[PDB]
Amino acid sequence: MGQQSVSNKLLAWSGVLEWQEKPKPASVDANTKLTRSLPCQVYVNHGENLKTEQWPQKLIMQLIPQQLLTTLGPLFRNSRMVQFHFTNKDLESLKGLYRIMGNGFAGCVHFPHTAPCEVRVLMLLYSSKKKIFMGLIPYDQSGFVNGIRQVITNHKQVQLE
C-alpha cells in the first residue's frame, strides 16, 4: 500500500538521483556548484526484485551526449530494462531535466565510494511521446565505463560515408 503509480510494473527500489548542469564531460568546468537532484523510482516485473537491501539512496548521474552512445551500441542493447518514475514536487525542478534528456542525451549513473557497496553503472534514458523513463542496467560495468571514457578519446578520428 505504498508506491503503486504503475499498473504493469512493481516497485523495485526508489532513490534520489543527483546530477549537475553540464554540457559535456570534456568541459573543464564539468565540476559546478549547480547540483540538481530529483527523486526517481525503479520498477520491475511482477514479483521480480533486484538486490537493493542496503543499496545507496543517493546516486551520481552524469549527463552525456548520445553521439558517443554509438561506441556502446552492442553494450546498450545487451543490458537490463526497468521503469523510472520521477516523483518530485516543484514543476520547473523536473521540467529542467526534460530539456536535457529530451534533446537526446544519456544519463550515466554511478555508485558512491564511501561504504563497501558493489560498484555498478546504471544508464538512464527519457522516453518522449509517452512521458516515461527507462533504466538500462548493463551487466558489464567495467567494459562500459572504459568505453564511455574512451569514446571521447577517439573523438579525434574521423570518417565520411
Here, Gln54 and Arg36, labelled 7 Å along Cα→Cβ, have an inter-label distance in nm of 3.5
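Counting other C-beta atoms within 10 Å, which of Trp13, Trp19, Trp55 has the fewest, and how do the rest follow?
Arranged by neighbour count, lowest to highest, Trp13, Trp19, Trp55 become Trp55, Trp13, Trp19.
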With Cα coordinates, the longest principal axis of the chain makes an angle with the long axis of helix 141-150, in degrees rounded to 10, of 40
With -39,500 (n - 2.57) per DSSP H segment of 4 or more residues and division by the full residue count of the chain, the 222 nm estimate, nearest 500 deg cm²/dmol, is -4500 deg cm²/dmol
In units of 2.2 N^0.38 Å, the Cα radius of gyration of the stretch 26-124 is 1.18
Checking the stretch 1-44 for trypsin sites (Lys or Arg not before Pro) in a loop per DSSP with at most 14 other beta-carbon atoms within 10 Å yields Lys33
If one compares the long axis through the Cα atoms of helix 92-104 with the longest principal axis of the Cα atoms of the chain, the angle in degrees, nearest 10, works out at 50
For the table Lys24/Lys51; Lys9/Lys33; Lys33/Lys129; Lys131/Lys156; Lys33/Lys89, the rows whose alpha-carbon distance is greater than 26 Å are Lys24/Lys51; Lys9/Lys33; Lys33/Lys129; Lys131/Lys156
One would report the Cα pair-distance distribution of the stretch 66-154, bin width 5 Å, in %, as 3, 12, 21, 23, 18, 14, 7, 1, 0
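Full-extension gain between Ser7 and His110, please, as 0.36 nm times their residue separation minus the C-alpha to C-alpha distance.
Result for the pair: 34.2 nm of gain on full extension.
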Residues of the stretch 136-154 with backbone N under 18 Å of the label point set 7 Å from the Cα of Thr70 along Cα→Cβ are 147-154
Final fewest-first order of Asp140, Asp90 on the 10 Å Cβ neighbour count is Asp90, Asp140
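Are there any trypsin sites (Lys or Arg not before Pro) in the stretch 69-143 that are in a DSSP loop and have at most 16 other Cβ atoms within 10 Å? List them by number.
Hits after loop and neighbour filter: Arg77, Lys89, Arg120, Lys129, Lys130, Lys131.
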Taking 0.36 nm per residue of separation between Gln150 and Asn103 and subtracting their Cα-Cα distance, the length gained on full extension comes to 14.6 nm
Sequence order, the stretch 49-55: Karplus ³J(HN,Hα) from phi using 6.51 cos²θ - 1.76 cosθ + 1.60, θ = phi - 60°, Hz rounded, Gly and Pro as x, gives 7, 9, 7, 9, 7, 10, 4
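Bear in mind that the values in this text are calculations on the coordinates, not laboratory data. Neighbour counts run over all protein chains shown; Cβ positions are idealised from the backbone, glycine included.
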